[PDB]
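Enquirer: Pasting a structure below so you can have a look.
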Amino acid sequence: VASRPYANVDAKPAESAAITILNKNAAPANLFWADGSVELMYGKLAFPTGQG
Amino acid sequence: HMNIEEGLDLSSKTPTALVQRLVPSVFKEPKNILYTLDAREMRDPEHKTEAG
């Protein structure tokens, strides 16, 4: 019941429900997004100054 | 240090040999501590500070 506000699909799978693969052939992807989901974190390693 | 000798005429007596004894004083092999930090670990300065 606590999961119901977080639901994302209209029903649970049937018993032995079939799977359809969309990528029938190998192909290059064209990419789409709405902003704020796709991100780069940037960090700096501590390479010391003065030592060596 | 000296021998004692007895009597007035000492012509029969060996005089005391002066022995210049010496005491050695020497350094040990130097004593060391080694640690390492990688360039990820060095991002937190407490590691160097507490290990020092």
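Enquirer: By what distance, in whole Å, do the Cα atoms of the protein assembly as shown stretch along each of the three principal axes, largest value first?
Expert: Sorted largest first, the three principal extents are 131, 40, 35 Å.
Enquirer: Would you mind working out the magnitude of the charge dipole of chain B relative to its Cα centre, with +1 at each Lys and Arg C-beta and -1 at each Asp and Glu C-beta, to the nearest 20 Debye?
Expert: It comes to approximately 140 debye.
Enquirer: Hull surface divided by four, with the convex hull built on the Cα atoms of region B:1-40: how many nm²?
Expert: If you wrap the Cα atoms of region B:1-40 in a convex hull and average its projections, you get 4.7 nm².
Enquirer: Further question on the same structure: Project the alpha carbons of chain A onto their principal axes and report the range along each, largest first, in whole Å.
Expert: On the principal axes, chain A reaches 66, 40, 25 Å in Cα extent.
Enquirer: Note down the magnitude of the dipole of the protein assembly as shown about its Cα centre, charges +1 on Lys and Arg C-beta and -1 on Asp and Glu C-beta and zero elsewhere, to the nearest 20 debye.
Expert: Approximately 360 debye in magnitude.
All of the numbers you see were taken from the coordinates with simple rules; none came from a lab. Here the Cβ is made from the backbone with ideal geometry for all residues, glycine too, and neighbour counts use every protein chain on show.
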